[PDB]
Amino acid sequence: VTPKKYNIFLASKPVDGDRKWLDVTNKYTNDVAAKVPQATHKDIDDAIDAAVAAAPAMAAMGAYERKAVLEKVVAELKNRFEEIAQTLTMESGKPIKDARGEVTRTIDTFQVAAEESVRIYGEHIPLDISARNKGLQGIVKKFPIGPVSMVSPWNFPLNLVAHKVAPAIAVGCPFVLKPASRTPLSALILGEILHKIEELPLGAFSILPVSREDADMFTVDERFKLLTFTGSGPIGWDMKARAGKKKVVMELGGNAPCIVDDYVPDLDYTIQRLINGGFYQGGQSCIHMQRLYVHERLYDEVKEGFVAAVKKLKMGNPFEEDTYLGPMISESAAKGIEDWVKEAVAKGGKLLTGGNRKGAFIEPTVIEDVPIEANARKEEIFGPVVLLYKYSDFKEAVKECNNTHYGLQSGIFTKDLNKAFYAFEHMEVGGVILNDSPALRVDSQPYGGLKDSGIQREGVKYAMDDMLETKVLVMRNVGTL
């Protein structure tokens, strides 16, 4: 098996040469499936200088030119669909059905960005609000913030890249992207696509897998006006603390709960959505449903149906069409999950199903009554593990949903008008999912959270706002001859 050689992108151009090689493994077989050049400190410096130099031409592009770039990306993603999905499954270990879903969502993200690029509206504001302000009016317009530092994760290596790259192009910001070293190929495929687009100025982008020795440049470099990070909370908060003067956007982890107070529209559909929330992407999602709170009257029926449905989930080769659950990103990630499951049961948790490790594979797991002191309850598991709880009081269930240091998304199943809006009002999250699990994300919704889950929002039009600066033209007696 000869590993495929890829190029990295430095100031819009494919580079390889005698640079050191980064190995990319097939997450199922563990074989090196690809070799990618590793960027040097000088390459990163050159990338940042090129982004600064390309900022005026990026800012001078017509709205239709920014749109044409994004539409060309959409067309190339559709054309290379299966190839991109196969590469995604290979480097991330996610089942091929989920990989195809990610490519579809990436197409939607670039498509929303294409439409938004031609809709950056400004305001005409009256400023004569009092007599002392007579004859004043303003024009409020938004401008590109400038060069953007992007650091993306390994769990959605295409879609979570798209949620940074598509808004940057829609606005007219040059960028330097550091893809995750474990999954950089999805990002490099975008680089190949972007390289062939003539409308995009030279130096508008760089996509560089970087060593640990130079990774800090993406945090501290004063030439970037914005740092946008998606990944681990402790890493993210530390980057925000050391970023310097630049603006910071963070999309971090979660410990998403779901309340089941009714079956909506029925039990079968409720179970299917709970299975999706608890085990989609093998729990390797920042909005994975980690905690399930079921009302007393429904508890035995839900537990029975839920556990029976998790026992039917196909775990195996992610390249197979009928695989529901693929392996974890690494054997070390799987060992960590296994340790937390063992600890949860040692502390009093009742194992309902799964909990066993087979290399990088973790069986879909359900644990009942895990105490607050256990790591599986307190921290983001990021694995196919669901913590099942019973409740008698709705207000108390909402309070328990909030009993976490995370605040990304929450789910609620209810037929009750007041319970639905009480949950919207009191759940300490960025998004409340009504009659679906918290694992739901529309690529146009404001996505992000409170507490340790991060700062600001992604979702194309919201991510674009963070890449834009407000400027007002205050006009004194303009139109007076």
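All residue numbers are counted from 1 along the displayed sequence.
Taking only CA atoms, the mean B-factor in the PDB entry is higher for 308 to 316 than for the other of 308 to 316 and 250 to 258. As the entry records it, the average C-alpha temperature factor is higher for 28 to 36, out of 28 to 36 and 58 to 66.
Of the candidates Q290, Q137, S330, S149, the deposited coordinates give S330 the top C-alpha B factor. The PDB entry assigns its highest CA temperature factor, among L473, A463, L468, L22, to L22.
Annotation for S392: C-alpha temperature factor in the highest third relative to the rest of the modelled chain, per the entry. Among all modelled residues in this chain, the alpha-carbon of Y324 has a temperature factor (C-alpha) in the highest third.
Per the PDB record, residue ranking by Cα B-factor puts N402 in the lowest third of the chain. Per-chain ranking of the deposited C-alpha B factor places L158 in the middle third. Per-chain ranking of the deposited C-alpha B factor places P265 in the highest third.
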